[PDB]
Amino acid sequence: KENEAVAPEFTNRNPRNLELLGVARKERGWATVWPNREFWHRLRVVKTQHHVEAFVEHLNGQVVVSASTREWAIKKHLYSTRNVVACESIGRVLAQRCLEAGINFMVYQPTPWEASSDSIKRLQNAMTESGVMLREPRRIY
Amino acid sequence: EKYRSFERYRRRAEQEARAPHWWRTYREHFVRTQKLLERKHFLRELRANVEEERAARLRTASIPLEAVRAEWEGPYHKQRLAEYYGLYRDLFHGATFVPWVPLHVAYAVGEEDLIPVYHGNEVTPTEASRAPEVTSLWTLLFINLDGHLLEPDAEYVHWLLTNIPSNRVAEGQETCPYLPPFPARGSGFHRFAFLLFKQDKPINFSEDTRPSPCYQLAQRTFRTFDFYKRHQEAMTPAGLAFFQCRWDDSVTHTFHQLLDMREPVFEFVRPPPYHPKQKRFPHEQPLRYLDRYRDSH
Amino acid sequence: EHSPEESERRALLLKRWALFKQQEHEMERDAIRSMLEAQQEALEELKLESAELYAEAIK
RNA sequence: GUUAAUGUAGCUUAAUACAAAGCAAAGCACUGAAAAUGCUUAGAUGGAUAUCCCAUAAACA
């Protein structure tokens with residue numbers, strides 16, 4: 001049968017095949033640098049003077065999912081770009097964009113003051129209820 | 001000036017690291033107008049609203065998020081997902097196109113609901129038992145980018161329609177009949193991408209016509225790039241939708257029932273065992289020295 | 001204990017108080033620049049007529 | 001009127017694309033002070049095009 005013909009080894013080209021399986025490499029260097037680089041994706045939250053922005057960024061430094069109150073769709077329904085509620089909305093919106101992108105796992109490393117901020121805590125509450133995980137799975141060796 | 005918070009140094013340091021420099025660093029080695037005026041008017045109304053001010057100070061404001069999604073939709077962000085997952089490199093040999101038509105696909109499950117197919121979504125092969133629903137005179141092709149079992153560059157079709165009148169897909173010619181997903185076991189997530197190509201003029205794709213029904217992998221194998229190159233003059237892609245599928249019980253059914261082949265099973269191949277090469281005559285070799293080298297010690 | 005209406009009434013006046021102060025600060029900052037610009041502009045005017053006069057003034 | 005300036009919010013040629021952006025800056029809370037920190041405040045294309053333009057303000061006048 002022609003169909004039975006199959007190569008001895010598979011050829012998977014999906015970039016996230018190893019990452020999704022957990023076998024993808026995580027940066028285990030930078031022992032002299034803080035924080036740890038053992039995360040495939042990270043949540044970057046930038047609070048500007050008039051706007052609040054949240055992003056999910058890969059180790060390479062390229063954002064895959066970007067949620068900003070600068071975006072037209074969110075702001076029209078959002079009263080004030082800088083607000084505690086805005087942090088919740090951008091987190092829920094960021095989750096929905098994460099839902100759109102297919103990214104379910106992420107690593108969040110808030111700063112001491114950022115973690116203490118209730119708005120960021122509510123934003124984290126927005127992410128967990130939406131299902132987006134603030135912690136990624138461990139790598140597989 | 002001195003940073004008054006750690007973040008100021010960290011943000012600048014993080015930005016500083018990202019930028020390339022003459023000295024060697026880790027990164028180098030390892031790496032319209034009218035609408036806005038209307039938007040501004042809404043901002044003034046939204047800001048002026050006293051009720052909205054009260055909600056903000058009371059931290060009780062809410063949003064109709066569903067509206068945000070529709071208004072946000074999208075071309076530029078849609079491209080990111082396709083490029084991020086490597087569709088462009090595998091499908092067009094690196095050609096990147098901004099999708100302008102908001103293509104959306106979902107795999108119909110039963111009759112109550114149809115399973116969405118997001119960009120980068122995961123859908124089990126069992127749920128894909130039947131063909132999915134896809135929403136001017138264009139074409140449409142289905143691909144198994146990494147579902148191929150023998151050749152890396154090659155890929156398989158699920159079903160290919162040509163000369164799709166306007167949008168209605170029922171009238172498109174069924175060049176390739178629908179096949180359920182058949183991702184090999186042990187290979188993790190296989191990415192399948194749905195492409196929409198603008199058809200400048202109706203052209204008979206006799207070369208791409210396939211027998212119905214066809215259950216042969218030897219004839220399902222194809223290349224998107226050369227197929228698109230042959231029609232690249234009249235083909236400009238505009239729609240994108242791709243999901244991931246793992247191995248599942250339905251996959252066994254697909255491989256055996258209609259594909260009529262043994263299920264492919266793969267795993268990382270380990271290197272051959274390393275064996276030390278002892279000397280036939282250990283001249284001037286004691287037991288204490290050999291003891292450490294040998295297993296016994 | 002203050003009532004929610006009392007807090008709402010007080011919340012409004014703080015907004016008015018903040019609005020008045022910020023307007024004053026913006027006006028005050030402009031006053032500093034305007035007088036400094038006029039004073040610097042004043043310096044140039046006499047220099048053209050006679051630089052020697054400022055020699056005593058700058059001391 | 002001739003020359004010449006000056007016309008996004010303290011700053012920026014940020015931007016005219018998917019946003020009028022980033023940055024400077026503010027109020028209150030927290031009681032040595034400041035800073036840090038939490039919650040919050042006020043904002044602009046006076047205007048076009050791929051130079052006119054009117055307003056404005058100068059030397060010519």
# chains A, B, ... in the order shown; residues from 1 in each chain; ligands from 1
$ residues_around --residues "residue 26 in chain B" --least-positions-apart "3" --cutoff "12 Å" --atoms "only C-alpha atoms (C1' of nucleotides)" --output "PyMOL selection string"
(chain A and resi 27+29-30+60) or (chain B and resi 17-21+23+29-31)
$ write_last_selection --atoms "C-alpha atoms" --output "mmCIF file, in the first residue's frame"
data_model
loop_
_atom_site.group_PDB
_atom_site.id
_atom_site.type_symbol
_atom_site.label_atom_id
_atom_site.label_comp_id
_atom_site.auth_asym_id
_atom_site.auth_seq_id
_atom_site.Cartn_x
_atom_site.Cartn_y
_atom_site.Cartn_z
ATOM 1 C CA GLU A 27 17.410 29.802 29.096
ATOM 2 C CA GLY A 29 22.209 30.672 31.904
ATOM 3 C CA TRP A 30 22.366 34.192 33.303
ATOM 4 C CA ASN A 60 13.492 36.838 21.937
ATOM 5 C CA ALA B 17 20.378 44.999 26.271
ATOM 6 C CA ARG B 18 17.871 44.741 23.415
ATOM 7 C CA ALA B 19 19.661 47.345 21.308
ATOM 8 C CA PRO B 20 22.713 46.003 19.434
ATOM 9 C CA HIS B 21 26.131 47.347 20.365
ATOM 10 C CA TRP B 23 30.957 45.259 21.733
ATOM 11 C CA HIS B 29 25.427 35.519 19.337
ATOM 12 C CA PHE B 30 21.968 34.112 20.138
ATOM 13 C CA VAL B 31 19.857 36.570 18.104
#
$ residues_around --residues "range 250-257 of chain B" --least-positions-apart "3" --cutoff "7 Å" --atoms "only C-alpha atoms (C1' of nucleotides)" --output "PyMOL selection string"
chain B and resi 125-126+180-183+247+260-263
$ select_by_dssp --residues "range 6-223 of chain B" --states "helix (DSSP H, G or I)" --output "VMD selection string"
chain B and resid 6 to 18 26 to 30 33 to 48 50 to 58 65 to 72 75 to 85 87 to 92 126 to 128 206 to 208 217 to 220
$ residues_around --residues "residue 56 in chain D" --least-positions-apart "3" --cutoff "12 Å" --atoms "only C-alpha atoms (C1' of nucleotides)" --output "NGL selection string"
:D and (5-7 or 46)
$ write_last_selection --atoms "N, CA and C atoms (P, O5', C5', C4', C3', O3' and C1' of nucleotides)" --output "PDB file, in the first residue's frame"
ATOM      1  P     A D   5      13.453  83.028   9.244  1.00  0.00           P
ATOM      2  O5'   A D   5      12.139  82.136   9.379  1.00  0.00           O
ATOM      3  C5'   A D   5      11.662  81.718  10.651  1.00  0.00           C
ATOM      4  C4'   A D   5      11.087  82.869  11.438  1.00  0.00           C
ATOM      5  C3'   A D   5      10.013  82.511  12.453  1.00  0.00           C
ATOM      6  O3'   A D   5      10.547  82.025  13.673  1.00  0.00           O
ATOM      7  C1'   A D   5       9.332  84.402  11.193  1.00  0.00           C
ATOM      8  P     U D   6       9.597  81.282  14.735  1.00  0.00           P
ATOM      9  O5'   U D   6       8.242  82.118  14.686  1.00  0.00           O
ATOM     10  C5'   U D   6       7.423  82.271  15.841  1.00  0.00           C
ATOM     11  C4'   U D   6       6.106  81.546  15.707  1.00  0.00           C
ATOM     12  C3'   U D   6       6.169  80.026  15.877  1.00  0.00           C
ATOM     13  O3'   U D   6       5.024  79.574  16.599  1.00  0.00           O
ATOM     14  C1'   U D   6       5.209  80.550  13.786  1.00  0.00           C
ATOM     15  P     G D   7       4.933  78.050  17.098  1.00  0.00           P
ATOM     16  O5'   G D   7       3.721  77.446  16.259  1.00  0.00           O
ATOM     17  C5'   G D   7       2.387  77.861  16.511  1.00  0.00           C
ATOM     18  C4'   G D   7       1.401  77.145  15.622  1.00  0.00           C
ATOM     19  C3'   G D   7       1.871  75.836  15.008  1.00  0.00           C
ATOM     20  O3'   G D   7       1.830  74.750  15.915  1.00  0.00           O
ATOM     21  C1'   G D   7       0.767  77.136  13.368  1.00  0.00           C
ATOM     22  P     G D  46      -2.641  73.576  15.605  1.00  0.00           P
ATOM     23  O5'   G D  46      -3.858  73.803  16.608  1.00  0.00           O
ATOM     24  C5'   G D  46      -4.047  75.055  17.248  1.00  0.00           C
ATOM     25  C4'   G D  46      -5.435  75.594  17.012  1.00  0.00           C
ATOM     26  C3'   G D  46      -6.087  75.181  15.697  1.00  0.00           C
ATOM     27  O3'   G D  46      -6.754  73.933  15.776  1.00  0.00           O
ATOM     28  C1'   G D  46      -6.173  77.522  15.888  1.00  0.00           C
TER      29        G D  46
END
$ atom_distance --atom1 "CA of residue 42 in chain A" --atom2 "CA of residue 109 in chain A"
7.7 Å
$ closest_residue --among "D:22, D:47, D:27, D:32" --to "chain C" --atoms "only C-alpha atoms (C1' of nucleotides)"
D:27
$ closest_residue --among "B:124, B:15, B:96, B:79" --to "residue 192 in chain B" --atoms "only C-alpha atoms"
B:124
$ interface_residues --of "chain D" --to "chain A" --cutoff "10 Å" --atoms "only C-alpha atoms (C1' of nucleotides)" --output "PDB file with C-alpha atoms (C1' of nucleotides), in the first residue's frame"
ATOM      1  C1'   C D  18      -3.130  49.882  13.276  1.00  0.00           C
ATOM      2  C1'   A D  19      -2.963  55.509  18.102  1.00  0.00           C
ATOM      3  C1'   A D  21       1.783  58.685  21.051  1.00  0.00           C
ATOM      4  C1'   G D  22       5.972  58.861  24.463  1.00  0.00           C
ATOM      5  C1'   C D  23       8.124  61.929  27.892  1.00  0.00           C
ATOM      6  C1'   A D  25       4.529  67.390  35.019  1.00  0.00           C
ATOM      7  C1'   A D  36       9.844  55.598  47.329  1.00  0.00           C
ATOM      8  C1'   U D  37       4.903  53.749  47.218  1.00  0.00           C
ATOM      9  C1'   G D  38      -0.918  53.251  46.447  1.00  0.00           C
ATOM     10  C1'   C D  39      -5.203  55.588  44.480  1.00  0.00           C
ATOM     11  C1'   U D  40      -6.112  59.450  41.265  1.00  0.00           C
TER      12        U D  40
END
$ closest_atom_pairs --of "chain C" --to "chain B" --cutoff "12 Å" --atoms "only C-alpha atoms" --output "Markdown table"
| residue | atom | partner | partner_atom | distance |
| --- | --- | --- | --- | --- |
| C:4 | CA | B:58 | CA | 11.3 |
| C:7 | CA | B:58 | CA | 11.6 |
| C:8 | CA | B:54 | CA | 9.1 |
| C:9 | CA | B:54 | CA | 12.0 |
| C:11 | CA | B:57 | CA | 9.3 |
| C:12 | CA | B:54 | CA | 10.2 |
| C:15 | CA | B:53 | CA | 11.2 |
$ closest_atom_pairs --of "chain D" --to "chain C" --cutoff "9 Å" --atoms "only C-alpha atoms (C1' of nucleotides)" --output "tab-separated table"
residue	atom	partner	partner_atom	distance
D:26	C1'	C:22	CA	6.5
D:27	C1'	C:18	CA	5.5
D:28	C1'	C:14	CA	8.5
D:41	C1'	C:18	CA	7.0
D:42	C1'	C:22	CA	7.3
$ interface_residues --of "chain B" --to "chain A" --cutoff "7 Å" --atoms "only C-alpha atoms" --output "number ranges by chain"
B: 42-43, 46-47, 52, 59, 61, 63-64, 68, 71-72, 80-81, 85-86, 118-121, 146, 149-150, 152, 187-191, 216-218, 259-262, 266
$ interface_residues --of "chain B" --to "chain D" --cutoff "9 Å" --atoms "only C-alpha atoms (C1' of nucleotides)" --output "PDB file with N, CA and C atoms, in the first residue's frame"
ATOM      1  N   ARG B   4      15.660  56.565  40.789  1.00  0.00           N
ATOM      2  CA  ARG B   4      15.045  56.580  42.107  1.00  0.00           C
ATOM      3  C   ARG B   4      14.249  55.315  42.402  1.00  0.00           C
ATOM      4  N   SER B   5      14.077  54.437  41.417  1.00  0.00           N
ATOM      5  CA  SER B   5      13.462  53.135  41.618  1.00  0.00           C
ATOM      6  C   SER B   5      14.231  52.103  40.809  1.00  0.00           C
ATOM      7  N   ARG B  32      -9.639  57.591   7.526  1.00  0.00           N
ATOM      8  CA  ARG B  32      -8.414  57.486   8.309  1.00  0.00           C
ATOM      9  C   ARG B  32      -8.300  58.659   9.280  1.00  0.00           C
ATOM     10  N   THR B  33      -7.813  59.798   8.782  1.00  0.00           N
ATOM     11  CA  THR B  33      -7.709  60.983   9.629  1.00  0.00           C
ATOM     12  C   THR B  33      -9.085  61.442  10.094  1.00  0.00           C
ATOM     13  N   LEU B  36     -10.309  59.510  13.174  1.00  0.00           N
ATOM     14  CA  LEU B  36      -9.717  59.884  14.454  1.00  0.00           C
ATOM     15  C   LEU B  36     -10.461  61.056  15.081  1.00  0.00           C
ATOM     16  N   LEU B  37     -10.827  62.056  14.274  1.00  0.00           N
ATOM     17  CA  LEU B  37     -11.567  63.193  14.812  1.00  0.00           C
ATOM     18  C   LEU B  37     -12.877  62.736  15.441  1.00  0.00           C
ATOM     19  N   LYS B  40     -11.942  61.196  18.671  1.00  0.00           N
ATOM     20  CA  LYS B  40     -11.650  62.208  19.683  1.00  0.00           C
ATOM     21  C   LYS B  40     -12.934  62.759  20.289  1.00  0.00           C
ATOM     22  N   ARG B  57     -13.960  56.412  40.254  1.00  0.00           N
ATOM     23  CA  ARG B  57     -13.585  56.618  41.649  1.00  0.00           C
ATOM     24  C   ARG B  57     -14.154  55.524  42.542  1.00  0.00           C
ATOM     25  N   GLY B  74      -6.940  44.159  13.246  1.00  0.00           N
ATOM     26  CA  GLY B  74      -7.045  42.721  13.079  1.00  0.00           C
ATOM     27  C   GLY B  74      -6.108  42.158  12.026  1.00  0.00           C
ATOM     28  N   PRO B  75      -6.086  42.774  10.837  1.00  0.00           N
ATOM     29  CA  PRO B  75      -5.150  42.333   9.795  1.00  0.00           C
ATOM     30  C   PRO B  75      -3.721  42.196  10.296  1.00  0.00           C
ATOM     31  N   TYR B  76      -3.186  43.275  10.871  1.00  0.00           N
ATOM     32  CA  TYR B  76      -1.798  43.263  11.320  1.00  0.00           C
ATOM     33  C   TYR B  76      -1.578  42.222  12.411  1.00  0.00           C
ATOM     34  N   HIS B  77      -2.492  42.146  13.380  1.00  0.00           N
ATOM     35  CA  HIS B  77      -2.346  41.166  14.453  1.00  0.00           C
ATOM     36  C   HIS B  77      -2.546  39.750  13.929  1.00  0.00           C
TER      37      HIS B  77
END
